[PDB]
Amino acid sequence: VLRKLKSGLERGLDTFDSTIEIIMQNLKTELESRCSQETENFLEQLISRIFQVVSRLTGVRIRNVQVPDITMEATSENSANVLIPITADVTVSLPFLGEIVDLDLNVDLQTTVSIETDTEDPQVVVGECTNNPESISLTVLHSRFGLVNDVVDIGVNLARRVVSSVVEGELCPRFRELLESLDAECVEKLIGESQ
Amino acid sequence: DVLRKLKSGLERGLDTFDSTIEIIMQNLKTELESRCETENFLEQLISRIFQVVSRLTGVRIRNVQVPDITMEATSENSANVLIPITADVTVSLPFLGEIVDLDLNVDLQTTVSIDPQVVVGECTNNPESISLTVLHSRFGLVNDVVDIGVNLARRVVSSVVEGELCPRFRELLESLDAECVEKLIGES
Ligand SMILES: [Ca+2]
Ligand SMILES: [Ca+2]
């Protein structure tokens, strides 16, 4: 079941792997130097370690995590969308059957950052990080049971449920936390550059 | 492994999970004694046994049927005793639910032989004597899904034969007196 994943996500998956918090602290530091491929590589490690815990709790094993490029798209002079594209390989295993499907995973995480207008002491507002099912894409690559066998659709739906739970419980919260660690002057500097 | 729950149940005895099993046993003993009917008590006993197995496993065996208990005299005072068993099997797995429907045939075979006591021979748990035929699967028959289902049912059926069905078969025959068994052998 997803019972073990539910409890793990309630505790926090970093309770299963103390190096997650260390990678988080490395990311915060690296980010403070934007305004003064390392960040992407820390994010790959972060996301990798998170999904490594998930593999211990579930049959959904996500690895080969790549983050090609973090980008910022200005939506005004005072706000921008921050995009984190994620790709990964997924293998779903079930009891007795072993490996039932191999999938290509694409997840696009997006969060807005905004700077208050009409002051020289501008506060920063990090917007919500939304777990839109359209942001999660799974492509069937292989199944030793046959590509059109019913077990494939079971594997796909199980992987989407797992990824969606992990995005809501871990990735989006950490994304917001990282952006909230940036300096007001830094976010200001970044939003302007994205126009 | 997966059969740990079944194995412990077989260690305690499956009648510890369903008090009606022993009642049928006594009914059978009386029924057999009466022949000096039985098939229906036999169906009931085997059915209840597999209903306990379904509480301990994903292998659900029901619609149990015993056509005719055959007895073939091998001498003046000995005979081969055959109980053919047919049943419907559904195997379930976590997540996937029911993976395969199977046709089961089991042949329970022993010997009875005649101051003088009634000897009941071995009850051999031969996997040649367990036949599982695939009827239906949601996941096709090309796959290893059916293979896993068949192998699961075979091991469950095999364990229950050795742990429950063959010992009970021997006890029921041992429960007849030398005169009773002598009369039944003659009726061939
Ligand atoms: Ca909490
Ligand atoms: Ca990289």
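Every chain's residues are listed with numbers counted from 1 in the order the sequence is written; these need not match the entry, and residues without coordinates are not shown. By the order in which they are written, chains take letters starting at A while ligands take numbers starting at 1. Hydrogens and water molecules were not included; the side-chain quantities draw on all heavy atoms of the structure. Residues with missing side-chain atoms are left out of burial classes, side-chain pairs and their counts.

1. Thoughts on the UniProt feature "disulfide bond" in chain A
Here, two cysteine sulfur atoms that lie within 2.5 Å of each other are counted as a disulfide. UniProt positions are given in the numbering used here, feature names are shortened, and annotations may be inferred rather than shown by experiment. Measuring sulfur to sulfur gives 2.1 Å for the UniProt disulfide A:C129/A:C172, short enough to count as a bond. You can see A:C129 sitting in strand β5 (residues 124-129) and its partner A:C172 sitting in helix α4 (residues 150-180), a full 43 residues away along the chain. Elements are defined by DSSP. Helices are runs of H or I of four residues or more, strands are runs of E of two residues or more, and each kind is numbered from the N terminus.

2. Focus on the packing of helix α2 (residues 20-34) of chain B against helix α4 (residues 144-174) of chain B
Axis angle and axis distance: for two packed helices, these are the angle between their axes and the distance between the axes, and together they describe the pair. All names here are of chain B. Comment: axis = line fitted to C-alpha atoms, over the contacting stretch for helices; angle = value between 0 and 180 degrees taken between N-to-C directions. Their axes nearest at 10 Å, the elements α2 and α4 cross at an angle of 35 degrees. The element α2 and its partner α4 pack so that their crossing is right-handed. In this structure, α2 uses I21, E22, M25, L28 and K29 to contact α4, whose residues at the interface are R168, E171 and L172. Considering only residue class, the contact of α2 with α4 consists of 4 nonpolar, no polar and 4 charged. Note: crossing handedness is left-handed where the near helix turns anticlockwise from the far helix by less than a right angle, and right-handed where it turns clockwise. When checking whether two residues touch, look at their non-hydrogen atoms; a contact exists if any pair is within 4.5 Å. For this classification, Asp, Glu, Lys and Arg are treated as charged, while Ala, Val, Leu, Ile, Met, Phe, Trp, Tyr, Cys and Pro are nonpolar and the rest, including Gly, are polar.

3. Quick look at the pattern of salt bridges
Salt bridges are counted wherever a side-chain nitrogen of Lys or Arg sits within 4 Å of a carboxyl oxygen of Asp or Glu. Among the salt bridges present, the one from B:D144 reaches A:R144, with a minimum N-O distance of 3.3 Å. Of this pair, B:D144 sits in helix α4 while A:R144 is found in the loop between β6 (136-142) and α4, placing the two residues in two different chains. Between B:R48 and B:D18 there is a salt bridge, with its nearest N and O atoms 2.7 Å apart. Several salt bridges share partner residues, and in doing so they unite B:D15, B:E22, B:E164 and B:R168 into one network.

4. Side note on the state of the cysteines
Covalent S-S linkage joins A:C129 and A:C172, the inter-sulfur distance amounting to 2.1 Å. In this structure, the disulfide formed by A:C129 and A:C172 twists by about -60 degrees around the S-S bond and is classed as left-handed. Here B:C36 connects covalently by a disulfide to B:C180, the sulfurs 2.0 Å from one another. Classification of the bridge connecting B:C36 and B:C180 rests on its S-S torsion, roughly 90 degrees, and on that basis the disulfide is right-handed. Numbered by order of appearance in the sequence, the disulfide-linked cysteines of chain B pair as 1-4, 2-3.

5. Topic: unusual backbone geometry
At A:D118, a position not held by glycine, the phi torsion is positive, near 65 degrees. Along the chain, the position of A:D118 falls in the loop between β4 (98-115) and β5.

6. Re the UniProt feature "disulfide bond" in chain B
UniProt pairs B:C123 with B:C166 in a disulfide, and the coordinates agree: the sulfur atoms lie 2.1 Å from each other. Taken together, the residues B:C123 in the loop between β5 (119-120) and β6 (130-136) and B:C166 in helix α4 connect sequence positions 43 residues apart.

7. Looking at α4(B)
Its 31 residues give α4(B) an end-to-end C-alpha distance of 43 Å, which sits within 8% of 45 Å, the value for a rise of 1.5 Å per residue. Along α4(B), the helix axis deviates most sharply at B:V161, where the bend reaches about 50 degrees. Expected span, for any helix, means 1.5 Å times one less than how many residues it has. A residue's bend is the angle separating two fitted axes: one through the seven residues that end there, the other through the seven that start there.

8. Let's talk about the side chain of B:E164
Relative to the helices and strands, B:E164 is located in helix α4. In this structure, B:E164 is in contact with B:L10, B:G13, B:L14, B:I49 and B:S159, ignoring residues within four places of it in sequence.

9. Things to note about the interface of chain A and chain B
Each partner contributes residues to the interface: chain A has 12 residues there, and chain B has 12 residues. Sort the elements by how many residues they give to the side of chain A that touches chain B and α4(A) lands first, with 4 residues. The residue makeup of the side of chain A that touches chain B, split by class, is 9 nonpolar, 1 polar and 2 charged.

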